[PDB]
Amino acid sequence: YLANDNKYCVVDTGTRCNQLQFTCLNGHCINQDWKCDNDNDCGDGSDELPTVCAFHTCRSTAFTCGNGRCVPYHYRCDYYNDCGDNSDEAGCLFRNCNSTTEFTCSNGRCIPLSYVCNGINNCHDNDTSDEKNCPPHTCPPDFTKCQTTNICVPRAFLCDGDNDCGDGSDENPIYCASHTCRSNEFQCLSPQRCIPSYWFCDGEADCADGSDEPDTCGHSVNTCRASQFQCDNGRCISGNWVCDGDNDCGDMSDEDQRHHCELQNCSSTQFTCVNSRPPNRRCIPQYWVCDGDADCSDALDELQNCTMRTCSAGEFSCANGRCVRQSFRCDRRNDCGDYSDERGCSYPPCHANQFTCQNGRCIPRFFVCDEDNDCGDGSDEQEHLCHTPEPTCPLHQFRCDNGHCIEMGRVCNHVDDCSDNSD
Amino acid sequence: XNXXX
Amino acid sequence: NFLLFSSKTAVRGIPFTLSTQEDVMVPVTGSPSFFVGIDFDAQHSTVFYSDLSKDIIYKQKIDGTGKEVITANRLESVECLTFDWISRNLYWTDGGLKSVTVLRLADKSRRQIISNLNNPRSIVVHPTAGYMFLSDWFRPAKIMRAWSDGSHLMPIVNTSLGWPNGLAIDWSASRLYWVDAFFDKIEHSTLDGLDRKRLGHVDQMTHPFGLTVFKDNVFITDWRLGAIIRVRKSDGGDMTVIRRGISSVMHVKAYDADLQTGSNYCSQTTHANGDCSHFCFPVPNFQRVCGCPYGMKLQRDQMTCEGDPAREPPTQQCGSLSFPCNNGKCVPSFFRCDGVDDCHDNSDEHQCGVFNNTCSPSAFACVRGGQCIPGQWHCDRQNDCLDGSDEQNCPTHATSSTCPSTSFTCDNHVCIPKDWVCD
Amino acid sequence: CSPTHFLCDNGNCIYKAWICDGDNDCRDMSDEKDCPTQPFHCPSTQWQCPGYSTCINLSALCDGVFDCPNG
Ligand SMILES: *[C@@H]1O[C@H](CO)[C@@H](O[C@@H]2O[C@H](CO)[C@@H](O[C@@H]3O[C@H](CO)[C@@H](O)[C@H](O)[C@@H]3O)[C@H](O)[C@H]2NC(C)=O)[C@H](O)[C@H]1NC(C)=O
Ligand SMILES: *[C@@H]1O[C@H](CO)[C@@H](O)[C@H](O[C@@H]2O[C@H](CO)[C@@H](O)[C@H](O)[C@H]2NC(C)=O)[C@H]1NC(C)=O
Ligand SMILES: *[C@@H]1O[C@H](CO)[C@@H](O)[C@H](O)[C@H]1NC(C)=O
Ligand SMILES: *[C@@H]1O[C@H](CO)[C@@H](O)[C@H](O)[C@H]1NC(C)=O
Ligand SMILES: *[C@H]1O[C@H](CO)[C@H](O)[C@H](O)[C@H]1NC(C)=O
Ligand SMILES: *[C@H]1O[C@H](CO)[C@H](O)[C@H](O)[C@H]1NC(C)=O
Ligand SMILES: *[C@H]1O[C@H](CO)[C@H](O)[C@H](O)[C@H]1NC(C)=O
Ligand SMILES: *[C@H]1O[C@H](CO)[C@H](O)[C@H](O)[C@H]1NC(C)=O
Ligand SMILES: *[C@H]1O[C@H](CO)[C@H](O)[C@H](O)[C@H]1NC(C)=O
Ligand SMILES: [Ca+2]
Ligand SMILES: [Ca+2]
Ligand SMILES: [Ca+2]
Ligand SMILES: [Ca+2]
Ligand SMILES: [Ca+2]
Ligand SMILES: [Ca+2]
Ligand SMILES: [Ca+2]
Ligand SMILES: [Ca+2]
Ligand SMILES: [Ca+2]
Ligand SMILES: [Ca+2]
Ligand SMILES: [Ca+2]
Ligand SMILES: [Ca+2]
Ligand SMILES: [Ca+2]
Ligand SMILES: [Ca+2]
Ligand SMILES: [Ca+2]
Ligand SMILES: [Ca+2]
């Protein structure tokens, strides 16, 4: 179909796009300003071809480069070469600065001392003159030495389509050109920290990579391999990870169902809350035994052999001897372990916006009928309270099989008004 | 009238 | 800061406080005078004004040392001046031409941006915001806003309105104040014309003309009172009269060096006036757009200008039946060489009665030539002409005449009422 | 309005000859904005060359110099 003022033939997929947009050969509609600006906003550069730019003029509010490319006006005299032919930076009366904050970067930038030759280009001179003015340096690993300039950029940007290290190692044939990665590993959008082949299409893009999960593998063609254990359709899990209590399976259901961890056991410098259930806790370090705040389900951690004396009228006193702040009396929490802070209390009723469960626990009305047992007894999750009876529509009003009520006359009216040929 | 003359 | 205001008589600057009532700037005055538009330039400490008796726009320093003309060509009735302190463009509405004109001060480029109006009175320009605001008081009265370019001219307040004689902007809150002389009210609104509110009733205000907003206060000028009055910008409230018994009282304007600050893409320090030759205009969302004088079109670069005699052909200073003055004025041909300075720069009275630049019927001719004086100064008992040929050879007016019996004959042979003897 | 008048958008009446005559007779530009006239002709006595926009001084006719493009 003749898109873009009848100049571009684009595939007729039916995705007609707005007058406030410029249609690409790939069907991508950038906003209408993103042509002839020497940014390849399509990626492919269809937006930047001479076919359009030789027969175009800029919006009155833009600056116009010597080569006829348009550019946003604020990019005039900004120490950046946005026109490519540097006319946006031509004839600008830049500010003078002194050696404490300048080395005379060619663009006219003033950059602080100790930021010159620091291992990283910051003045954005085209020849990397910020750093290459120092001959003797070669630096530590990870921050990788891109050839003859001393610059050291983390390996997170190498073989990536940006020559941002200035010196060519970032793209040139010491690596990259023959392969992205050794056969054991596979590419990423900017890291030369390549990913082993079984990492991609595992559940998470293992680096910045819009193909890792979306299209580098068959979605459903085959399972996780039997080398590792299935736990969600989007995730399989290696070994010990199924038992630790971490959200690893991505529905978090690892420590449950029936495969692992009904019990735990503690190593050195850890102590086990024996009188507890899986909903609370079953191992804590010595870093929390006989400390200032109860940890275990029954707060056994603070009793131990310690059995301290000092407690005053400034805190509520429990039966077992432990004390807590007055605010922690008559509430939803087992603060003292002994439940002395709760026994004998008289709870005032809940607020208007607060649903009340049969057991006396107040919950937000938003929490009602969200398929979560928010108060334990399941008062907020029950059949007839969380019910939406279907509309009657007793006569006329012939509803179709997809489950919505429509007029009786619409059926076999030769119009597909229902989900899938229901009428 | 509102004419400035 | 001081309160600048105009008149029939003179343009004066008075302190904002009533503790002292001594003029802060030397009054601007002429013998043939009627001063209706005013605005200031705090950078060079100059004041712009229009004299509706001479049809000339002047600029004069605060101390009055330096007075020059801005323009004197093709003006009919310049109702209001306004000055864009950042881009240095002077705008004015013309009641006779029914149009508004923009003029640059650095070079005398002139362009009639808006035309075909009915009764344009008040104009205010917002440099940082980019909008210009205008009022028309014809039967379907409206307040219109547009870009500084003069495009996007759309109505802003066109209902429940009649005779919107004056506009002002609250720079502190970005709200547009205006006065209505028909409904006798002050209203204010946002720059989009939304959230319109009406101030409290002001006691004796009944024909407001100009207003200005300064700090917490609105200063209104009222024609019927012949007075300048001040109220709070919130609800009016404690009306105070600032001056009493003016001849005719026209505009007020708040001179302020503080508000004439800031910058945009039209005043960047790094490059000239936003790279636009001739006019550059601020535009909303902090943009800028270039302009070109009459007879010149903007090129493909959208920044340089070239001559276009096809759409805007060149024009002479004025039509056939008239003499063009040096200052740009034009006068009917039969007022040249009459001894009266009609051009206000003595262009029309230069070199009269020599080399066939002949005297007009309104003069009397000096015997030996090289001068002319008004025919009213022939035989007037004053020796005007250098050689005394205007008072030589003058016969008496001792006619055969009488005086009415109701009247007394002066010894000078003029008649007066008989009741004016011995008064 | 009378048949001999236009109706302006705002309800003013202006003469038939005054429609798009080059003046704001409607005072809302209705009579000018409606029908944009195309006066691309030589109404002058100046002599128009056949098929051209070119029109020339009447003295040209057989005066000895080819003045129209085809002479
Ligand atoms: C007096 O002012 C009002 C408000 O400016 C004019 O009414 C019309 O207001 C709408 C905004 O509500 C202006 O924009 C239009 O908006 C609609 C959506 O609501 C949109 O579909 C249109 O395409 C348009 O953008 C509209 O321009 C404006 N009309 C005019 C002619 O300016 C009212 O018209 C004014 N009175 C006179 C005498 O025109
Ligand atoms: C009229 O005024 C001009 C000044 O704008 C003055 O110069 C003319 O004087 C002279 O007139 C002569 C003809 O009478 C002419 O030959 C001569 O060049 C001209 N200028 C000078 C400097 O002598 C005045 N007269 C006319 C007719 O222009
Ligand atoms: C040099 O650096 C000093 C700070 O030590 C600063 O005061 C001065 O303005 C700089 N430039 C020049 C021209 O000396
Ligand atoms: C600046 O950089 C460009 C490429 O980024 C390079 O082609 C050009 O030669 C450089 N300018 C100079 C003067 O070397
Ligand atoms: C140049 O292109 C712009 C953007 O589409 C405008 O259409 C502009 O009007 C064009 N130039 C001229 C002189 O018409
Ligand atoms: C002639 O008139 C036009 C408008 O029709 C312009 O104002 C132009 O600037 C004028 N020329 C001179 C010499 O002032
Ligand atoms: C005299 O001659 C000059 C020639 O420029 C003018 O036409 C002028 O108006 C004339 N005045 C009289 C009285 O003849
Ligand atoms: C003055 O002129 C008048 C003209 O009406 C008379 O002729 C009169 O006689 C003259 N004055 C003298 C003193 O003779
Ligand atoms: C005298 O002259 C005056 C005018 O100056 C009157 O016309 C008056 O009527 C005259 N009286 C006589 C008697 O002629
Ligand atoms: Ca682009
Ligand atoms: Ca730039
Ligand atoms: Ca650096
Ligand atoms: Ca890179
Ligand atoms: Ca992955
Ligand atoms: Ca886990
Ligand atoms: Ca503890
Ligand atoms: Ca408690
Ligand atoms: Ca729930
Ligand atoms: Ca149907
Ligand atoms: Ca009134
Ligand atoms: Ca004169
Ligand atoms: Ca005399
Ligand atoms: Ca007397
Ligand atoms: Ca007309
Ligand atoms: Ca001929």
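Protein chains in written order, with the numbering used here: chain F, 1 to 423; chain G, 1001 to 1005; chain R, 2001 to 2423; chain E, 3001 to 3071.
Cβ atoms here follow ideal geometry from the backbone N, Cα and C, with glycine treated the same way.
A direct Cα-Cα distance of roughly 14 Å separates residue 2413 (chain R) from residue 2405 (chain R).
The Cβ atoms of residue 264 (chain F) and residue 290 (chain F) do not sit closer than 8 Å to each other. Relative to the non-hydrogen atoms of ligand 19, the Cβ of residue 413 (chain F) comes within a distance shorter than 7 Å of at least one. Chain F has no Cβ within less than 8 Å of the Cβ of residue 2132 (chain R). The three-state secondary structure of residue 2178 (chain R), taken from DSSP, is strand. Minimum Cα-Cα distance from residue 2035 (chain R) among the listed residues R:2011, R:2046, R:2027, R:2023 corresponds to R:2011. For ligand 16, no non-hydrogen atom lies closer than 7 Å to the CB of residue 274 (chain F).
In the structure shown, residue 273 (chain F) adopts coil according to DSSP, grouped into three states. Taking a 10 Å sphere around the C-beta of residue 2273 (chain R), we find 16 or more other C-beta atoms and assign the residue as buried. Residues of chain E with a Cβ closer than 9 Å to the Cβ of residue 2118 (chain R) are, in chain order, 3024, 3027, 3028. Nearest neighbour of residue 166 (chain F) by Cα position, chosen from F:144, F:40, F:60, F:177, turns out to be F:144. Note on residue 2161 (chain R): 16 or more other CB atoms within 10 angstroms of its CB, so buried under the neighbour-count rule. Residue 2101 (chain R) is classed as buried because its beta carbon has at least 16 other beta carbons within 10 Å across all chains shown.
Relative to ligand 16, residue 288 (chain F) has its C-beta within less than 7 Å of a heavy atom. Cβ atoms of residue 236 (chain F) and residue 207 (chain F) stay farther apart than 8 Å, at about 20 Å. In the DSSP annotation of this structure, the continuous segment of the beta strand (DSSP E) that includes residue 2280 (chain R) starts and ends at 2280 to 2283. Per the coordinates, the alpha-carbon of residue 2190 (chain R) lies some 14 Å from the alpha-carbon of residue 2199 (chain R). In this chain, the beta strand (DSSP E) harbouring residue 31 (chain F) covers 29 to 31.
Excluding five sequence positions before and after residue 71 (chain F), the CB atoms of its chain that fall closer than 7 Å to its own CB belong to 37, 62, 63, 65, 82, 83, 88, given in chain order. Taking the C-beta atoms as reference points, residue 2081 (chain R) is found no nearer than 8 Å to residue 2109 (chain R).
Here residue 2408 (chain R) carries a strand assignment [DSSP, helix/strand/coil]. The set of residues with any CB-heavy atom separation to ligand 15 below 5 Å comprises, in chain order, F:241, F:244, F:246, F:248, F:254. Close to residue 92 (chain F), with beta-carbon spacing below 7 Å, are these residues of chain R in chain order: 2270, 2271. Proximity of chain G to residue 2141 (chain R) at the Cβ level (cut-off 7 Å) is not reached, the minimal Cβ distance being about 10 Å.
In the three-state scheme derived from DSSP, where H, G and I count as helix and E and B as strand, residue 3060 (chain E) is classed as helix. Residue 375 (chain F) has its alpha-carbon roughly 7 Å from the corresponding atom of residue 357 (chain F). For residue 2140 (chain R), the CB contacts under 8 Å within the same chain, skipping 5 residues up- and downstream, are 2158 in chain order. Annotation for residue 144 (chain F): the continuous beta strand (DSSP E) segment containing it runs 143 to 145.
When DSSP states are grouped into helix, strand and coil, residue 52 (chain F) belongs to the helix group. Taking C-beta atoms as the reference points, residue 2116 (chain R) and residue 2136 (chain R) fail to come closer than 8 Å.
If you check the CB distance, residue 2257 (chain R) and residue 2243 (chain R) do not come in under 8 Å.
Secondary structure within the segment 2046 to 2121 of chain R: not one fully enclosed alpha helix (DSSP H) run of 4 or more consecutive residues is present. By the rule that beta-carbons nearer than 8 Å mark a contact, residue 2165 (chain R) touches chain G. In the three-state reduction of the DSSP assignment, residue 368 (chain F) falls in the coil class, being assigned neither a helical nor a strand state. Under the DSSP assignment, residue 3 (chain F) falls in the alpha helix (DSSP H) whose first and last residues are 3 to 6. For the pair of segments examined, the segment 2320 to 2329 of chain R was found to touch the segment 2346 to 2363 of chain R: the number of CB pairs separated by less than 8 Å reaches three.
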